[PDB]
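Please read the structure below before turning to the comments.
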Amino acid sequence: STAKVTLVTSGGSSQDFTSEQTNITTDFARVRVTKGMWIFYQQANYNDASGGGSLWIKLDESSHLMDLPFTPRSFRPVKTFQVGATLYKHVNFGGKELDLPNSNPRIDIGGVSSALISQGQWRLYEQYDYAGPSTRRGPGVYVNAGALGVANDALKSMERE
Ligand SMILES: [Ca+2]
């Protein structure tokens, strides 16, 4: 497995996950990310109903179990950890995601509103196919579009330098 997290219920029962969970029946209370980077959301489907405005938390690898801030209803790995960038439809990493290991000339996820850049330097464009003005962004956490240097819902292509 390339990403892995352990989750524990208030009653003491544990389960490990290695892939995205759009829904989860079990109520988990404590967490330890053992591989990769994960995002947890208060609502199912990665905070889609709230357009990213419900509670969320991004967690990195850890050596110990600790409390979650809320009971997750969905959670997923950031699959471009150590590879590239992931784009998200909603602020705060919510909604439909799109992984960019490399340049993408035509981004179409219903309007990009946040991003996690793990690796690379990139130029971000508000037209397809690297047309028009661009902004440069490297590794970082970008919880809204303004942080990326683009208008909300406007990112259309992203070139890796
Ligand atoms: Ca959006």
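The entry's author numbering numbers the first residue of the sequence shown as 2 and each following residue consecutively.
Ideal Cβ placement from N, Cα and C applies to all residues, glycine included.
Buried versus exposed, by CB contacts within 10 Å (16 or more), residue i
i, result
"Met67", "exposed"
"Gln22", "buried"
"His91", "buried"
"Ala146", "buried"
"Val32", "buried"
Contact under 9 angstroms by Cβ, residue i with residue j
i, j, result
"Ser119", "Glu160", "no"
"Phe71", "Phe41", "yes"
"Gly96", "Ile110", "yes"
"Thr3", "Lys36", "yes"
"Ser55", "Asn24", "no"
"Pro106", "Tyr129", "yes"
"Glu127", "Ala148", "no"
"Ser115", "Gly53", "yes"
Cα-Cα separation between residue i and residue j, rounded to whole angstroms
i, j, result
"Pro78", "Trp39", "4 angstroms"
"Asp100", "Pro140", "14 angstroms"
"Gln43", "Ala155", "26 angstroms"
"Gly112", "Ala45", "20 angstroms"
"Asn93", "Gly150", "16 angstroms"
"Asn48", "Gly133", "32 angstroms"
"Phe18", "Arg124", "34 angstroms"
"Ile108", "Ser20", "23 angstroms"
"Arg137", "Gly13", "46 angstroms"
"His65", "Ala30", "14 angstroms"
Residues of its chain near residue i, where Cβ-Cβ distance is below 6 angstroms and the 5 sequence neighbours each way are ignored
i, result
"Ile58", "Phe41, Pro70"
"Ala50", "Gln44"
Chain-order list of residues whose beta-carbon lies under 7 angstroms from that of residue i (same chain, five-residue window excluded)
i, result
"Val34", "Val6, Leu60, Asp61, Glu62, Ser63"
"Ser104", "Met159, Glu160, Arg161"
"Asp28", "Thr10, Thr72"
Same chain, Cβ closer than 8 angstroms to residue i, five either side skipped, listed in chain order
i, result
"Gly121", "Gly85, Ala86, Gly139, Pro140, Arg161, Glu162"
"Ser15", "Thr7, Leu8, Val9"
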